[PDB]
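Taking the form deposited in one PDB entry, here's one chain by itself in structure tokens.
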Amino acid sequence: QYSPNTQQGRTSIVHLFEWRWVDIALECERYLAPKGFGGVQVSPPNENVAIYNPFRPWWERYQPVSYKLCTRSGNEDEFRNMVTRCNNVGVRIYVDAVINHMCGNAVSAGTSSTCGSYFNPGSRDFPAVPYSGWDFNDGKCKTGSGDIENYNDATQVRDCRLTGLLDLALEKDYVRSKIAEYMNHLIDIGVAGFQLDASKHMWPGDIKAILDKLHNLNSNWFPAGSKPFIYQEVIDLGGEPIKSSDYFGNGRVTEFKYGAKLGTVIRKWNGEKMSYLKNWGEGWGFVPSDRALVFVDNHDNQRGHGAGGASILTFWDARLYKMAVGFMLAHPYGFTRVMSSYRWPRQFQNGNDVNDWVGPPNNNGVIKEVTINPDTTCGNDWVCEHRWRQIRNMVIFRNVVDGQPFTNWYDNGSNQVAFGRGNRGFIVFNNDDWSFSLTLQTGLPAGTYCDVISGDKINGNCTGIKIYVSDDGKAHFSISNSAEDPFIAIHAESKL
């Protein structure tokens, strides 16, 4: 459960938030594979509730109605097609598994679902699964409202409804089998792993029982005995009775402290500085690197919908975001997940965005296709951060330095730091309000290297900044606090 099952050489996965299966299949062949991406995290592929008030919000996909591969992203055929095409090109697929609950208890009964399946939240009836009142822990929850009221009580956090969402009785073998049946269907189709959504709201023991019912990966693409990659979405910022270490026996865990702290440091909040990132990782109280799934932002907290708060950096903070993602991709800690979003009409009223529910670009509810512009960027409101030169090139940077140790650290006691990865890579950052100009030891072989942030290595030449490393590995770096991108990165594969 701890290995991503990515092809040797690929070290990152990208979350193609709300993308259609057909668009992802194309992206796998035309960009992800050639650019060295390891895999893709997809939005929940199972039938969810269709909400028209607000109009088709992004969170409607977190309210399951059944386990039918029928959503706004596509049907089972298109989904199968996407997994096959991506797998055939070396790009894995990871599914966001929503197994802690079903839809809201206050949702209207009827056929307002993405595939027409009938459901009755009030009577706890989900015939398409099927599930009934006996499969929920309404009689197990001990709070007066039936919802989670206090997170200081690990019990109610697991047996009660998360903001009204009907809570599945995961201790029952029947429920465990129905969920495994859904996950095994996906595994036999070709998916390499899963993201267990709302894992904090499930008992580590119940998760284990389910995982024990899962098949090995499809022997047509993976070696015999391959187990699905598992990363549990646990929001643990400390101070709670529930700890993400309690889930180590099931697989990896999402480290939400990673993005939150990285945001405050890059933003220079609370007097924090980049020079403090010297012992970044476990030294900061994070989970062990071999159990961590890291990211700068996620679909939740990028819209103030998740842990991290106002410190979280997103595509809206383009300049600082690129630097944050760059540091993450260059640093050896954990397995990295890159975010890919869409734009929405942010509208802050009282310091709050009242349009944080807006779903993906669409035409009367039908998700718009991902169009590629002549400059490789995207249109139709898709941000496509994974296509940004600075991010795409750093994804490759991580692949090239995979396995290399962290060394040659340098910092000016403020916000000007630099470090390398063995003898395969070097990166420099300038987040101070003044220019940076100094000769640093890169530990790199002599030669001329192309800066992969400002440019590219094309046809035995660089389109951006060029760095000259001497015989003793020293090189001069010059970064003005006015540069579009305040950081420079070079590696073995960007050498001329």
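Throughout, we count residues from 1 along the sequence that is shown.
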May I ask you to compare 181 to 189 and 160 to 168 by their mean CA B factor in the entry and name the higher one?
-> 160 to 168
Mean C-alpha B-factor higher for 311 to 319, or for 235 to 243?
-> 235 to 243
Per the coordinate record, which of the options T442, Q63, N431, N46 holds the highest CA temperature factor?
-> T442
Which of these, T111, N298, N393, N216, has its C-alpha atom at the highest B-factor, as the entry lists it?
-> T111
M274 - which third its CA temperature factor falls in, relative to the rest of the chain | middle
Report the third (lowest, middle or highest) to which the CA temperature factor of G326 belongs, ranking only the modelled residues of the same chain.
-> lowest
Name the third of the chain's ranked CA B-factors that contains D411, choosing lowest, middle or highest.
-> middle
Taking the chain's C-alpha temperature factors as the reference, tell me which third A483 falls into: lowest, middle or highest.
-> highest
Of the three thirds of Cα B-factor ranks in this chain, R343 occupies the highest
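The following text describes the form deposited with a partner chain bound, which does not appear among the structures shown.
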If we test each of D411, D135, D153, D300 for a heavy atom within 4.5 Å of its partner chain in the bound PDB entry, the one that passes is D300
What is the one choice in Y62, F37, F429, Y67 with a heavy atom within 4.5 Å of its partner chain in the bound PDB entry?
-> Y62
Answer for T163 alone: is it within 4.5 Å of its partner chain in the bound PDB entry, judged on heavy atom distances?
-> yes
In the bound PDB entry, does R424 have a heavy atom within 4.5 Å of its partner chain?
-> no
Do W58 and its partner chain come within 4.5 Å of each other in the bound PDB entry, heavy atoms counted?
-> yes
Taking the shortest heavy atom distance, is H305 within 4.5 Å of its partner chain in the bound PDB entry?
-> yes
Where, among 74 to 82, 222 to 230, 356 to 364, 185 to 193, do residues come within 4.5 Å of its partner chain in the bound PDB entry by heavy atom distance?
-> 356 to 364
